[PDB]
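Given next, in structure tokens, is a single chain: the form solved without this ligand.
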């Protein structure tokens, strides 16, 4: 049914290969999740991502094109094969390379990212791990958000460690203040912090806050944003961090013009609207698409919401590996039923 071209990916998620459907000739990416059901944690993530990707139909979100059916007896179905959009590169590789990236690239890439988040956010899904390398880009310059392993809804299970240990959620360099400090306000605004970090990175083609560890991360952020306000300092979850921040002299925010000298005025306008300490002070995805910097591409008339919202209830459930296997197989059957 498929003709393998070459291998490209490894690992943590599995193995990725480029391929073509024999009948159509159309090119795809095939991900093998080997021994998919052997570990509960992994199996749970697999089910969560299968449901998420099947839920979205959006040009700026990686899509499942096919899932191969077991052609073996059920008991020997060990590894899962997912067929996905083939994407040549990603935003990290592009930013950190000798490829072009003018203001127009920045503008268009940001536009698509935000377009994808408006959709995803409206379904009540926080990605929680946006970074350049999770944003794939194909030969046509389409940007697609992938890697939904970290994604959660607005109210989650206290049985997960992450519920309390927010400072370990996602990736340090793009991790929102509210996660670092446990500000007890966990919304889609988490993503808009990461977007700001990505935006900044694209403007200078280097990482905005590359802290070596926890404390240095906070220091790097505060070098630009200044010290958090009193109101935020009070809201800090743990005593020692709270105390640490209070131990520093007040610092005034640096205007973005200084951080990124000579950069587009309209770009820094929007950037500033995203990188603020307080979650609810940050611009939303939907509103950022309205900002003058994205004038050129914004079309209210082609930036859909996602109905209905995604429900994360299934993830809360306590299932054995063998039940998770069934649930995943049901999703493969459902995929094909819904088509054929």
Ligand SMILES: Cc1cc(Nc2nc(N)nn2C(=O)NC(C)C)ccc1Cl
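Residues that one form lacks are left out of the comparison. So that the term is clear: the rigid core is the largest set of C-alpha atoms that superpose within 1.5 Å between two forms. Residue numbers count along the first chain shown, from 1.
Just so you know, the form deposited with this ligand bound exists too; it's not on screen, but the next bit is about it.
Take this ligand as it sits in the entry with it bound, overlay the site C-alphas onto this chain, and 3 or more of its atoms land within 2.4 Å of the backbone or a C-beta, so the site here is blocked. Remark: residue 179 does not count among the residues lining this ligand in the entry with it bound, judged by a heavy atom distance of 4.5 Å or less.
In the entry with it bound, this ligand sits within 4.5 Å of a heavy atom belonging to residue 42.
Contact between residue 290 and this ligand in the entry with it bound is not found at the 4.5 Å heavy atom cutoff. Residue 49 belongs to the set of residues with a heavy atom inside 4.5 Å of this ligand in the entry with it bound. Three-residue candidate spot 12, 53 and 82; every residue lies within 4.5 angstroms of this ligand in the entry with it bound by at least one non-hydrogen atom.
Only one of the listed residues (286, 306, 33, 294) places a non-hydrogen atom within 4.5 angstroms of this ligand in the entry with it bound, and that residue is 33.
Only one of 25-33, 294-302, 270-278, 307-315 places residue heavy atoms within 4.5 angstroms of this ligand in the entry with it bound, namely 25-33.
After superposition on the rigid core, the Cα atom of residue 11 is displaced by 2 Å or more between the shown form and the other one.
Shown here is a form in which the CA atoms of residue 29 and residue 10 lie at least 3 Å farther apart than they do in the entry with it bound. Panel note: the distance between the CA atoms of residue 176 and residue 12 is smaller in the entry with it bound than in this form, the difference being 3 Å or more. Taking the core as fixed, the only part between the shown form and the other one where three or more residues in a row have CA shifts of 2 Å or more is 9-15.
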